[PDB]
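As structure tokens, the structure follows; a few thoughts come after it.
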Amino acid sequence: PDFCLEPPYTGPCXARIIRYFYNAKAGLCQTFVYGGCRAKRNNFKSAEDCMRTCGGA
Amino acid sequence: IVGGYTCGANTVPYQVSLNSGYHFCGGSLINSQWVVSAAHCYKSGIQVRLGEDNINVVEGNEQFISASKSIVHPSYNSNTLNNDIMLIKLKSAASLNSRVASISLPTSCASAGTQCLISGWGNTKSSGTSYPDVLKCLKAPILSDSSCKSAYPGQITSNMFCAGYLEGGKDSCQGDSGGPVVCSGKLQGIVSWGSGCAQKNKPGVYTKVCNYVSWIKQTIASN
Ligand SMILES: [Ca+2]
């Protein structure tokens, strides 16, 4: 299963940290709220990192 | 904070915002040069914002001071969330006044049923997203370790406690992490994690500050 196709995962911690995920329905890297712990792999610190890893998934 | 109320400007003068180009976590001022927050709030380049009420506006009592050190507990475990505490040193000392003030560390642990004040600029909705301009507050009780373990089997360590309402409706939420749980004028908890926000049977989980008082004092004094 391609991790780039998984929905973004906020997780259980209570931060409001802005991360990027690849949104395969839209064909672009998008922002979401990450809670600060237990990240899954569709979770990037920049748009450039997300596009490099997941672009075209 | 879900199910809370508007605190009122500068009524919680130990509450800080951690900013990395936007608010991402809270913290608690414990002396003029040091803030306590959560280890999962670690980022390089933190700016600490003191004296805030409306965090989207410049109102006249703010102090914005960069972190010079952001020290995660050496035993923080990013999978189990044990030891979820961080100390931030301010690059210059804050000017203490009625709107910027420290909170005392505990001398003993608090008991189940003790009422506490939890505060922050986190999401105010249990379903959906609304981030407030001004600081929100919630009164909530500490819960027993037995009830906390029942809510979260296999997940609660000796360095965590639950607080809140099992019926749902009142909890900390995303953006509140690192902020204070104050009971009888002592910082007993740090906002840490939960399962959703304000859901039935899923109270918030908080770092148990009373277990770290010796470590906090010695680490601050060694840095
Ligand atoms: Ca302000």
Side-chain angles (χ1 to χ4, degrees), chain A, chain B residues 1-3 17-26 37-46 55-56 70 72 76-82 84 86 120-133 136 151-152 154-155 168 171-179 190-207:
Chain A
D2 187 342
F3 68 80
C4 297
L5 307 186
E6 299 283 20
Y9 183 71
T10 297
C13 290
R16 193 278 301 276
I17 297 160
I18 303 166
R19 295 284 179 85
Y20 289 82
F21 75 104
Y22 183 70
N23 181 349
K25 185 178 185 169
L28 51 61
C29 288
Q30 188 56 281
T31 57
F32 77 106
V33 173
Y34 174 52
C37 67
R38 310 301 308 271
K40 297 186 184 303
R41 289 176 290 175
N42 195 10
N43 177 329
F44 301 92
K45 288 179 182 180
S46 69
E48 185 183 354
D49 286 348
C50 179
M51 278 185 273
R52 189 184 310 109
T53 302
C54 286
Chain B
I1 301 289
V2 178
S17 169
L18 307 187
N19 184 286
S20 186
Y22 60 96
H23 168 88
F24 72 93
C25 275
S37 187
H40 71 264
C41 296
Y42 174 83
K43 278 186 173 287
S44 57
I46 293 175
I55 48 160
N56 294 315
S70 295
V72 173
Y76 173 59
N77 181 314
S78 66
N79 293 325
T80 64
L81 315 179
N82 198 27
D84 190 14
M86 176 173 65
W121 290 275
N123 189 2
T124 62
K125 297 189 163 165
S126 62
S127 180
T129 52
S130 183
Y131 291 91
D133 293 322
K136 303 298 175 171
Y152 301 110
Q155 298 157 253
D171 199 5
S172 51
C173 200
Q174 279 64 41
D176 293 323
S177 274
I190 304 167
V191 180
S192 180
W193 62 273
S195 178
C197 304
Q199 302 302 117
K200 184 183 195 190
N201 306 134
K202 296 295 183 183
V205 187
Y206 298 91
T207 309

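Atoms considered below: every heavy atom in the structure, side chains included; atoms not considered: hydrogens, waters and symmetry mates. Naming convention: chains lettered A, B, ... in sequence-line order (proteins, then strands); numbering from 1 in each chain.
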**Item:** Minimum heavy-atom distance A:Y20-A:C50, with the two atoms named
**Value:** CB-CB, 4.1 Å
**Message:** Quick check: closest heavy atoms across B:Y206 and B:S172, and the distance to 0.1 Å?
**Reply:** OH-OG, 2.7 Å
**Message:** Under a 3.5 Å distance rule, please check whether A:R16 uses its side chain to pair with a backbone N or O of B:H23 as donor and acceptor.
**Reply:** yes
**Request:** Find out if the SG atoms belonging to A:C29 and A:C54 lie under 2.5 Å from one another.
**Result:** no
**Prompt:** If only atom types and distance count, is the side chain of B:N56 paired as donor or acceptor with the main-chain N or O of B:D133 below 3.5 Å?
**Reply:** no
**Request:** For B:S130 and B:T124, indicate whether the former's side chain and the latter's backbone hold a donor-acceptor pair under 3.5 Å.
**Result:** no
**Complete:** All heavy atoms of B:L81 vs all of A:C13, minimum pair found to be CD1-SG, 3.7 Å
**Asked** Is the CD atom of A:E48 crowded by more than 12 outside heavy atoms at less than 6.0 Å?
**Response** no
**Item:** Nearest-0.5 Å distance, CZ of residue A:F3 to CZ of residue A:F21
**Value:** 14.5 Å
**Request:** Spell out, as yes or no, whether a donor-acceptor pair under 3.5 Å connects the side chain of B:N123 to the backbone of B:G128.
**Result:** yes
**Test item: side-chain donor near acceptor, B:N82 and B:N77, under 3.5 Å** = no
**Request:** Give a yes or no on whether the backbone of B:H40 and the side-chain of B:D84 come within a donor-acceptor separation of less than 3.5 Å.
**Result:** yes
**Prompt:** Judged by atom type as modelled, is there a donor-acceptor pair below 3.5 Å linking the side chain of B:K202 to the main-chain atoms of B:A151?
**Reply:** yes
**Prompt:** Would you say A:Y34's side chain and A:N43's backbone share a donor-acceptor pair under 3.5 angstrom?
**Reply:** no
**Item:** Under 3.5 Å donor-acceptor, A:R19 side chain and A:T31 backbone
**Value:** no
**Message:** Please give me the minimum heavy-atom distance between A:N23 and A:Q30, naming the atom from each residue.
**Reply:** CB-CB, 4.5 Å
**Asked** Hey, does B:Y131 have a side-chain heavy atom less than 4.5 Å from the side chain of A:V33?
**Response** yes
